[PDB]
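Student: My questions will all concern the structure given below.
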Amino acid sequence: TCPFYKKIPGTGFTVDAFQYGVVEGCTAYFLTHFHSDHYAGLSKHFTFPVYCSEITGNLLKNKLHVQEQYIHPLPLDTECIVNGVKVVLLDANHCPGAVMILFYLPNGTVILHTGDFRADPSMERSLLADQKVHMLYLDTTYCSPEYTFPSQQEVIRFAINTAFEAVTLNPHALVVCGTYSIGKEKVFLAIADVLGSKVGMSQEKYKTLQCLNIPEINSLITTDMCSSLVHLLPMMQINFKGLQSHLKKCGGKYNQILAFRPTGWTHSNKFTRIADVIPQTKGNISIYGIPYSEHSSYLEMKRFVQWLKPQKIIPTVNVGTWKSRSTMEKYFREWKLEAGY
Ligand code: NI
């Protein structure tokens, strides 16, 4: 049965609610982004209207095989009418195609559903600023003060400089980047651009990237592994055993690997600035863990919510336990007392 936090009150809308079969009373199903926990349940068997971004629509058609008749793509930053209700899609600064949804309810209430997002100050100068938002459905993945991370830009600068030095020292070195879903494409795109290379990958991953509306994509990516000095592999293969095996597959064209493992937060964010990062090394393989996040840090989330000043917050992440719900409610109350709303 569909949770209250996936329902938009006073409409027949749901958000990211595809795993419960037919939701009683739902006339439009919104999908914020193409990550499997959010799309879970969608397939060629789905026969109700799905509303989403153009990129998400491309992935639904080509990867999940949802029939075109049921896909309703909407443009960004544009006031649209769905089933008689005014809505706007905004860029979520998450993965490609990911949106936040603003609902203007018939009774005058305004609701923002963030989907998954990485809060940014640029959001404070969007359409959100034009009117009071009453209710916020919030991505609370990192809603605790221990969760700090660097900017995406600091992480990319470190990755570019690391890769350029290693390949200039050894022109027979290969660069490998781990992946398991869409998102974090700038890691491998920026490394390949500094090296003057295309990115090589499997046919299944190439198919995915070709759905993302990236300008000039045909000049950036290839299925011809031999021709390229940056390769993509499943995140599970970024270990010494997997990378040795891969080296053997490539036909001696390379004699060394430098690999990147973009993660979320892991315990050591607590001490270590990006400039101090050192890799784990075994013989001719070196692996760097890089904290490249597509979710808000605690400080980023707190800034956005204190700017927005909602009357109610509904969390959408870590809502399955009491302990977690209670801890989040304590931070919301602090934020509200500090900022006066
Ligand atoms: Ni996500």
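How things are named: the first chain in the structure tokens is A, the next is B, and so on; residues count from 1 in each chain; ligands count from 1 in the order shown.
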Excluding range 262-266 of chain A and any residue of its chain fewer than 3 positions from it, enumerate the residues within 8 Å of it, using only C-alpha atoms, and give them as a PyMOL selection string.
Tutor: chain A and resi 147+149+177-179+184+269+289-293
Student: Limited to N, CA, C and O atoms, could you put the picked residues into a file as a PDB file, in the first residue's frame?
Tutor:
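The new file part23.pdb reads:
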ATOM      1  N   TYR A 147      27.675  14.839   7.991  1.00  0.00           N
ATOM      2  CA  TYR A 147      27.759  14.687   6.498  1.00  0.00           C
ATOM      3  C   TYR A 147      28.217  16.004   5.849  1.00  0.00           C
ATOM      4  O   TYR A 147      27.397  16.894   5.525  1.00  0.00           O
ATOM      5  N   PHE A 149      30.768  17.370   2.568  1.00  0.00           N
ATOM      6  CA  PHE A 149      31.647  16.956   1.467  1.00  0.00           C
ATOM      7  C   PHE A 149      32.085  18.141   0.648  1.00  0.00           C
ATOM      8  O   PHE A 149      31.571  19.262   0.758  1.00  0.00           O
ATOM      9  N   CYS A 177      37.078   4.336 -14.768  1.00  0.00           N
ATOM     10  CA  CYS A 177      36.079   4.870 -13.817  1.00  0.00           C
ATOM     11  C   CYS A 177      34.922   3.909 -13.591  1.00  0.00           C
ATOM     12  O   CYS A 177      34.325   3.432 -14.539  1.00  0.00           O
ATOM     13  N   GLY A 178      34.596   3.672 -12.336  1.00  0.00           N
ATOM     14  CA  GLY A 178      33.475   2.781 -11.958  1.00  0.00           C
ATOM     15  C   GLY A 178      32.128   3.534 -12.050  1.00  0.00           C
ATOM     16  O   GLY A 178      32.076   4.730 -11.730  1.00  0.00           O
ATOM     17  N   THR A 179      31.087   2.809 -12.389  1.00  0.00           N
ATOM     18  CA  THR A 179      29.686   3.346 -12.538  1.00  0.00           C
ATOM     19  C   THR A 179      28.617   2.282 -12.154  1.00  0.00           C
ATOM     20  O   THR A 179      28.822   1.138 -12.472  1.00  0.00           O
ATOM     21  N   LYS A 184      26.839  11.247 -12.164  1.00  0.00           N
ATOM     22  CA  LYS A 184      28.300  11.353 -11.953  1.00  0.00           C
ATOM     23  C   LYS A 184      29.069  11.232 -13.271  1.00  0.00           C
ATOM     24  O   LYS A 184      30.319  11.024 -13.193  1.00  0.00           O
ATOM     25  N   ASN A 269      35.417  11.288   5.669  1.00  0.00           N
ATOM     26  CA  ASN A 269      35.104  12.725   5.306  1.00  0.00           C
ATOM     27  C   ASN A 269      35.379  13.699   6.457  1.00  0.00           C
ATOM     28  O   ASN A 269      35.766  14.867   6.241  1.00  0.00           O
ATOM     29  N   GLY A 289      39.558   6.639  -4.031  1.00  0.00           N
ATOM     30  CA  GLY A 289      38.171   6.842  -3.601  1.00  0.00           C
ATOM     31  C   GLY A 289      37.902   8.344  -3.635  1.00  0.00           C
ATOM     32  O   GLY A 289      38.622   9.072  -2.975  1.00  0.00           O
ATOM     33  N   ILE A 290      36.876   8.817  -4.373  1.00  0.00           N
ATOM     34  CA  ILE A 290      36.601  10.283  -4.469  1.00  0.00           C
ATOM     35  C   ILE A 290      35.148  10.575  -4.062  1.00  0.00           C
ATOM     36  O   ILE A 290      34.211   9.973  -4.604  1.00  0.00           O
ATOM     37  N   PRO A 291      34.986  11.525  -3.146  1.00  0.00           N
ATOM     38  CA  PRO A 291      33.633  11.722  -2.617  1.00  0.00           C
ATOM     39  C   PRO A 291      32.802  12.704  -3.506  1.00  0.00           C
ATOM     40  O   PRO A 291      32.550  13.895  -3.115  1.00  0.00           O
ATOM     41  N   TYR A 292      32.265  12.170  -4.600  1.00  0.00           N
ATOM     42  CA  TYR A 292      31.505  12.962  -5.551  1.00  0.00           C
ATOM     43  C   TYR A 292      30.011  12.723  -5.248  1.00  0.00           C
ATOM     44  O   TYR A 292      29.418  11.663  -5.603  1.00  0.00           O
ATOM     45  N   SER A 293      29.349  13.688  -4.596  1.00  0.00           N
ATOM     46  CA  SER A 293      27.950  13.518  -4.132  1.00  0.00           C
ATOM     47  C   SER A 293      26.956  14.231  -5.079  1.00  0.00           C
ATOM     48  O   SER A 293      27.180  15.381  -5.517  1.00  0.00           O
TER      49      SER A 293
END
Student: Can you list, as JSON, numbers by chain, every protein, DNA or RNA residue that comes within 10 Å of residue 299 in chain A when you count only C-alpha atoms, leaving out same-chain residues fewer than 4 positions away?
Tutor: {"A": [119, 142, 143, 144, 145, 146, 147, 148, 149, 303, 304]}
Student: Please, which residues in chain A fall within 9 Å of ligand 1 when counting only C-alpha atoms and all ligand atoms, and what is the closest atom pair and distance in Å to one decimal for each, ordered by chain then residue number, as a tab-separated table?
Tutor:
residue	atom	partner	partner_atom_place_in_ligand_line	distance
A:32	CA	ligand 1	1 (Ni)	8.7
A:33	CA	ligand 1	1 (Ni)	6.8
A:34	CA	ligand 1	1 (Ni)	7.5
A:35	CA	ligand 1	1 (Ni)	5.2
A:36	CA	ligand 1	1 (Ni)	8.1
A:37	CA	ligand 1	1 (Ni)	7.8
A:38	CA	ligand 1	1 (Ni)	7.4
A:94	CA	ligand 1	1 (Ni)	6.9
A:95	CA	ligand 1	1 (Ni)	7.0
A:98	CA	ligand 1	1 (Ni)	8.0
A:115	CA	ligand 1	1 (Ni)	7.8
A:116	CA	ligand 1	1 (Ni)	5.2
A:117	CA	ligand 1	1 (Ni)	7.8
A:182	CA	ligand 1	1 (Ni)	8.9
A:183	CA	ligand 1	1 (Ni)	8.3
A:294	CA	ligand 1	1 (Ni)	7.9
A:295	CA	ligand 1	1 (Ni)	8.1
Student: Excluding same-chain residues fewer than 4 positions from residue 83 in chain A, what lies within 10 Å of it counting only C-alpha atoms, as a tab-separated table (two decimals) with N, CA, C and O atoms, in the first residue's frame?
Tutor:
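Result file follows (result_18.tsv):
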chain	number	residue	atom	x	y	z
A	11	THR	N	-5.20	16.12	-4.97
A	11	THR	CA	-5.08	15.77	-6.35
A	11	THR	C	-5.19	14.24	-6.41
A	11	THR	O	-5.17	13.54	-5.37
A	12	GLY	N	-5.21	13.73	-7.63
A	12	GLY	CA	-5.06	12.32	-7.89
A	12	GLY	C	-3.64	12.02	-8.32
A	12	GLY	O	-3.44	11.13	-9.15
A	13	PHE	N	-2.65	12.77	-7.79
A	13	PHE	CA	-1.27	12.53	-8.17
A	13	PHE	C	-0.49	11.72	-7.13
A	13	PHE	O	-0.61	11.97	-5.91
A	27	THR	N	-4.74	9.28	-10.92
A	27	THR	CA	-4.92	9.56	-12.32
A	27	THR	C	-3.65	10.03	-13.08
A	27	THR	O	-3.63	10.03	-14.32
A	28	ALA	N	-2.58	10.38	-12.35
A	28	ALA	CA	-1.27	10.69	-12.99
A	28	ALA	C	-0.15	10.26	-12.04
A	28	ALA	O	-0.17	10.62	-10.84
Student: With only C-alpha atoms as the basis for distance, which of A:105, A:173, A:85, A:127 is at the shortest distance from residue 9 in chain A?
Tutor: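 Among the listed residues, the smallest separation from residue 9 in chain A belongs to A:105.
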Student: For the atom pair CA of residue 79 in chain A and CA of residue 130 in chain A, what is the interatomic distance in Å to one decimal place?
Tutor: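 So the two atoms, CA of residue 79 in chain A and CA of residue 130 in chain A, lie 12.7 Å apart.
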Student: From a backbone DSSP assignment, name each residue in range 194-252 of chain A labelled alpha helix (DSSP H), as a PyMOL selection string.
Tutor: chain A and resi 194-195+203-209+240-249
Student: How close does range 33-114 of chain A get to range 208-217 of chain A? List, as a Markdown table, each residue of range 33-114 of chain A within 10 Å, its nearest atom pair and the distance in Å to one decimal, counting only C-alpha atoms.
Tutor:
| residue | atom | partner | partner_atom | distance |
| --- | --- | --- | --- | --- |
| A:54 | CA | A:213 | CA | 8.8 |
| A:55 | CA | A:212 | CA | 5.5 |
| A:56 | CA | A:212 | CA | 8.2 |
| A:57 | CA | A:211 | CA | 8.9 |
| A:58 | CA | A:211 | CA | 5.5 |
| A:59 | CA | A:211 | CA | 6.1 |
| A:60 | CA | A:211 | CA | 9.6 |
| A:61 | CA | A:211 | CA | 9.6 |
| A:62 | CA | A:211 | CA | 7.8 |
| A:63 | CA | A:208 | CA | 7.3 |
| A:95 | CA | A:212 | CA | 9.9 |
| A:96 | CA | A:212 | CA | 6.5 |
| A:97 | CA | A:212 | CA | 7.4 |
Student: With N, CA and C atoms kept, could you save the residues just selected as a compact mmCIF listing (two decimals), in the first residue's frame?
Tutor:
# COMPACT_ATOMS: atom_id res chain seq x y z
N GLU A 54 11.97 15.15 -20.29
CA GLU A 54 12.32 14.54 -21.58
C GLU A 54 13.39 13.44 -21.47
N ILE A 55 14.46 13.72 -20.72
CA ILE A 55 15.50 12.69 -20.57
C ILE A 55 14.98 11.43 -19.87
N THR A 56 14.21 11.60 -18.80
CA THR A 56 13.65 10.44 -18.10
C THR A 56 12.75 9.64 -19.08
N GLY A 57 11.97 10.40 -19.88
CA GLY A 57 11.12 9.77 -20.90
C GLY A 57 11.91 8.94 -21.91
N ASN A 58 13.03 9.46 -22.37
CA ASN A 58 13.96 8.71 -23.28
C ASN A 58 14.38 7.41 -22.66
N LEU A 59 14.75 7.43 -21.38
CA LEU A 59 15.16 6.19 -20.66
C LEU A 59 14.00 5.21 -20.46
N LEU A 60 12.83 5.71 -20.09
CA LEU A 60 11.70 4.84 -19.97
C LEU A 60 11.36 4.10 -21.29
N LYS A 61 11.39 4.82 -22.38
CA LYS A 61 11.08 4.21 -23.72
C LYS A 61 12.16 3.14 -24.06
N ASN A 62 13.43 3.51 -24.01
CA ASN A 62 14.58 2.72 -24.58
C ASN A 62 15.14 1.62 -23.64
N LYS A 63 15.23 1.90 -22.35
CA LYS A 63 15.76 0.93 -21.37
C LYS A 63 14.71 0.04 -20.73
N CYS A 95 21.09 13.58 -10.92
CA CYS A 95 21.54 12.90 -12.13
C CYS A 95 20.86 13.54 -13.38
N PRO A 96 21.29 13.13 -14.62
CA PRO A 96 20.65 13.67 -15.77
C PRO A 96 19.12 13.37 -15.84
N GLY A 97 18.31 14.38 -16.13
CA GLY A 97 16.89 14.25 -16.22
C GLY A 97 16.15 14.39 -14.91
Student: Apply DSSP to the structure's backbone, then extract all residues of range 94-175 of chain A labelled strand (DSSP E or B) and return them as an NGL selection string.
Tutor: :A and (99-104 or 110-113 or 135-138 or 173-175)
Student: I'd like the contact shell of residue 99 in chain A - 6 Å cut-off, only C-alpha atoms, skipping same-chain residues fewer than 3 positions apart - returned as an NGL selection string.
Tutor: :A and (32 or 89-92)
Student: Let's have the selection written as a PDB file, in the first residue's frame, with N, CA and C atoms.
Tutor:
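Resulting contents of out.pdb:
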ATOM      1  N   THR A  32      10.314  11.331 -10.700  1.00  0.00           N
ATOM      2  CA  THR A  32      11.309  12.419 -10.559  1.00  0.00           C
ATOM      3  C   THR A  32      12.598  12.160 -11.353  1.00  0.00           C
ATOM      4  N   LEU A  89       8.252  21.833 -13.531  1.00  0.00           N
ATOM      5  CA  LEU A  89       9.451  20.956 -13.244  1.00  0.00           C
ATOM      6  C   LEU A  89      10.694  21.855 -13.169  1.00  0.00           C
ATOM      7  N   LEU A  90      11.533  21.646 -12.152  1.00  0.00           N
ATOM      8  CA  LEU A  90      12.770  22.392 -11.961  1.00  0.00           C
ATOM      9  C   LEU A  90      13.975  21.443 -11.940  1.00  0.00           C
ATOM     10  N   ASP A  91      15.128  21.856 -12.427  1.00  0.00           N
ATOM     11  CA  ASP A  91      16.331  20.996 -12.307  1.00  0.00           C
ATOM     12  C   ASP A  91      16.683  20.718 -10.856  1.00  0.00           C
ATOM     13  N   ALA A  92      16.853  19.403 -10.526  1.00  0.00           N
ATOM     14  CA  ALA A  92      17.167  18.961  -9.165  1.00  0.00           C
ATOM     15  C   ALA A  92      18.674  18.962  -8.837  1.00  0.00           C
TER      16      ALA A  92
END
Student: Just want the 7 Å neighbourhood of residue 113 in chain A, counted on only C-alpha atoms, with same-chain residues fewer than 3 positions away dropped. Output as number ranges by chain.
Tutor: A: 100-102, 136-138
Student: Counting only C-alpha atoms, figure out which residue out of A:310, A:2, A:66, A:124 gets nearest to residue 26 in chain A.
Tutor: A:2
Student: Quick one: residues within 8 Å of residue 5 in chain A, only C-alpha atoms, excluding same-chain residues fewer than 5 positions away - as a ChimeraX atom specification?
Tutor: /A:137,314-316
Student: Between CA of residue 175 in chain A and CA of residue 230 in chain A, what is the distance in Å, rounded to a tenth?
Tutor: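 Answer for the CA of residue 175 in chain A to CA of residue 230 in chain A separation: 4.7 Å.
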